[PDB]
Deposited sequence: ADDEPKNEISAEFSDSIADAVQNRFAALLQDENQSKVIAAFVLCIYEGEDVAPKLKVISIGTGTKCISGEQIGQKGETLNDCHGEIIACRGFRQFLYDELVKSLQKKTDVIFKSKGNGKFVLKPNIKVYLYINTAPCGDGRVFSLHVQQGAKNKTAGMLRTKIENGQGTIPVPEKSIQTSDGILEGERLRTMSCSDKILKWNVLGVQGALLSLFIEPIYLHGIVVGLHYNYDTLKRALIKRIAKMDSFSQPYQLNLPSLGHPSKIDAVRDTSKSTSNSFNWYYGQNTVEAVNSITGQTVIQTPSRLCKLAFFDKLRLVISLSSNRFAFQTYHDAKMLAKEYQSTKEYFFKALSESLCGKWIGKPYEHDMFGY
């Protein structure tokens, strides 16, 4: 089976609820809430400390219309993706600290140049509702569309199978499946740290163990032929007991909120524009990551030669080759072909 207990899922959901209330001024118009949660063991005999590292909300993404090409526009403002981006920023900040040789850090050195997450720290993903895409498809083991890659529709609201409307965004279920192959950290961070994999995933509304197992973990049921430190991650799946309530009333908001550890402030993003509500680039946009990367580069003792963001990502050779094998495994298993943006979106510099 491999299901988190109700008590522990409620523990995770409770901590997310408490942090959310501490950040947002009394008003709940957010429909999708996600978070990344650290579970920190002091010893393995006592209960762990739970620490909410990032929060995202949102239900929408950009049309090709508003997409910029300076990396100043958020492509995807679904709360789960926004939560991951914030967690990535956290990883960067922690990586800096480790490079400035601080002690209060989640990383230790691995004797290959690259940091590894301390083994007493476990990462959990929480979402108050099943992720869009395959994770909301309920089918028995006997099925057309079950298991397929899906793309987000009409600025986020809805997913449909990949073409088997120009260049679209993959569903949250497919992105989480990807994170369980390549880690949550992305190409760039993998230059400096070993892949960080989710230990567990806690899902509220529309939970079904078998659906989420297929969607997020065991979809290809092949892969293997993996090269350490990459593997098929098998996180446990959990469901909390109570939920804030479905509320499909009227319509969803275009606002997407984010917070992550070490920020004093909640940033509010217009999901239709991919930028802040004061027409500025988000602290989570590609360009903000690219700034962080060079910060990191200057504190590193290595040199890095790349013209663009795109080229920098291609430096992560282990990640990129596992990514390519993953995409092929999906196509071979008849899950469809991944739709990735064209390279020119990432061909910017600074």
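#### Entry: Deposited-sequence ranges lacking C-alpha coordinates, in sequence order
Unmodelled stretches: 1-5, 148-152, 175-186.
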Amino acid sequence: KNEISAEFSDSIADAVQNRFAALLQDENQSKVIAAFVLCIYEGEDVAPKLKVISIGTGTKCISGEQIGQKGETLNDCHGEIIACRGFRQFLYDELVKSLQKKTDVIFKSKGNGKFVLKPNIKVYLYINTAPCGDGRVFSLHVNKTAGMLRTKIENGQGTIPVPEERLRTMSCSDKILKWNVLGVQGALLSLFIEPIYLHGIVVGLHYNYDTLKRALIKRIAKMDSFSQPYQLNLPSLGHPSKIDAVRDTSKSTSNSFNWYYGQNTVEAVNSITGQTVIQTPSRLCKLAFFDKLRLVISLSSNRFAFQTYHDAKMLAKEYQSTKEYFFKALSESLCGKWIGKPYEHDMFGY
From here on, numbers count along this sequence of modelled residues.
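### Query
So which stretch wins on mean C-alpha B-factor, 203-211 or 216-224?
For C-alpha atoms only, the mean B-factor is higher in 216-224.
### Query
So 178-186 or 96-104, which one's hotter by mean CA B-factor in the entry?
Looking at the record's C-alpha B-factors, the answer is 96-104.
### Task
Name the residue from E72, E194, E267, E154 with the greatest C-alpha temperature factor listed in the entry.
Comparing C-alpha B-factors across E72, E194, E267, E154, the top value belongs to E154.
### Message
Checking the record values for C84, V246, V123, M170, which has the greatest CA B factor?
### Response
If I rank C84, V246, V123, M170 by C-alpha B-factor, first place goes to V246.
### Message
Please say which third, lowest, middle or highest, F290 falls into when its CA temperature factor is compared across its chain.
### Response
Tercile = middle for this residue's CA B-factor.
### Query
For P131, does the deposited CA B-factor place it in the lowest, middle or highest third of the chain?
Within its chain, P131 is a lowest-third residue by C-alpha B-factor, going by the deposited values.
### Query
Among the modelled residues of its chain, does the C-alpha B-factor of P240 lie in the lowest, middle or highest third?
Lowest third - that is where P240 ends up once the chain's C-alpha B-factors are sorted.
### Relative C-alpha B-factor of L23, binned into the chain's lowest, middle or highest third
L23: CA B-factor falls in the highest third of its chain.
### Lowest, middle or highest third - CA B-factor, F304
Ranked within chain, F304 CA B lands in the highest tercile.
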